[PDB]
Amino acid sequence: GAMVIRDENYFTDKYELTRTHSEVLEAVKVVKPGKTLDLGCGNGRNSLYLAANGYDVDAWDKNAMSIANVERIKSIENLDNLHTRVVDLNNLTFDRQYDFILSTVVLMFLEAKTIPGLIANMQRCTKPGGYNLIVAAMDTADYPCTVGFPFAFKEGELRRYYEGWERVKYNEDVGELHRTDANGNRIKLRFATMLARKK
């Protein structure tokens, strides 16, 4: 009989994908299966894990090839509850209500002028009791952006956006990019990480 567990190794070991994001794995201990939106899904590590575990996933990205790859894997695995779209997040408005919206390591790639409108759109489209998970690069006095991302959160800025939500988790811890500097050392930067629940 076919083994039903779909853990953080499943898509990782079968389709050469990076392991499911640590914050997605944590989030699901708290966030129950529901209508989900993965904004900038890439090659789908997070959308695929979610859909395989009962979440109804809208998985969106600008990269047509990345979307094709998600669709390829979706077809192989019969993930009926995973739906894809090639979208430009800089030029996008949406209107469906969701239990869970996540954007993991995507927002720093967007135009700075997109962010206020997108975050407001995210909050608008979360159900009361629903959750938003965001992880994104920052640019701070102690950890300046050395990559030149077109956007990065300032210290305290993500928290300010989500005033009035319950911040189940919020930190601006120093992390590392995978890309390296002139001496081959991983680039150190703070990331804003938040799991927040709407009242």
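All residue numbers are counted from 1 along the displayed sequence.
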Higher-B stretch (mean Cα B-factor, as the entry records it), 23-31 or 62-70: 62-70
On average, are the C-alpha B-factors higher in 74-82 or in 95-103? 74-82
Can you tell me which third, lowest, middle or highest, the CA B-factor of residue 132 falls into for its chain? lowest
Residue 2, C-alpha B-factor rank within chain (lowest, middle or highest third): highest
CA B-factor ranking of residue 145, expressed as a third of its chain: highest
Should residue 11 be placed in the lowest, middle or highest third of its chain by the C-alpha B factor in the entry? middle
Looking at the C-alpha B-factor of residue 199, is it in the lowest, middle or highest third of its chain? highest
